[PDB]
Every structure is written in C-alpha cells, then in structure tokens.
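Q: I'd like to ask you about the structure that follows.
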Amino acid sequence: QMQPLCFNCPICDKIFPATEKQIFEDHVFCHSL
Ligand SMILES: [Zn+2]
C-alpha cells in the first residue's frame, strides 16, 4: 500500500497521476477499442 495517488494502465503499463482520472479512463478506453 502506497496510497493510490496515481493510476496505471494494465494494458501497456502506462501510469499517470491520480488527478489524471480523465486520461487514465480515456487511455484504457483506447485499449478497449
Ligand atoms: Zn495503455
């Protein structure tokens, strides 16, 4: 446990800040295509 202060893409391993929820969801969404 290191405090969820950043999101990570399990598809390509792309990680971003916690405030990047927009890019984290959109990013994964791309892999969803
Ligand atoms: Zn990715």
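In the structure tokens, the first chain shown is A, the next is B, and so on; residue numbers restart at 1 for each chain, and ligands run from 1 in the order shown.
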How would you report the residues lying within 12 Å of ligand 1, as a list in words, if you count only C-alpha atoms and all ligand atoms?
A: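 The neighbouring residues of ligand 1 are, in order, residues 7, 8, 9, 10, 11, 12, 13, 14, 15, 16, 23, 24, 25, 26, 27, 28, 29, 30, 31, 32 and 33 of chain A.
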Q: Residues of chain A classed as strand (DSSP E) by DSSP on the backbone are to be reported as a list in words.
A: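 Going through chain A, the strand (DSSP E) residues come out as residues 6, 7, 8, 15, 16 and 17 of chain A.
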Q: Using backbone DSSP assignments, extract all helix (DSSP H, G or I) residues from chain A; output them as a PyMOL selection string.
A: chain A and resi 18-31
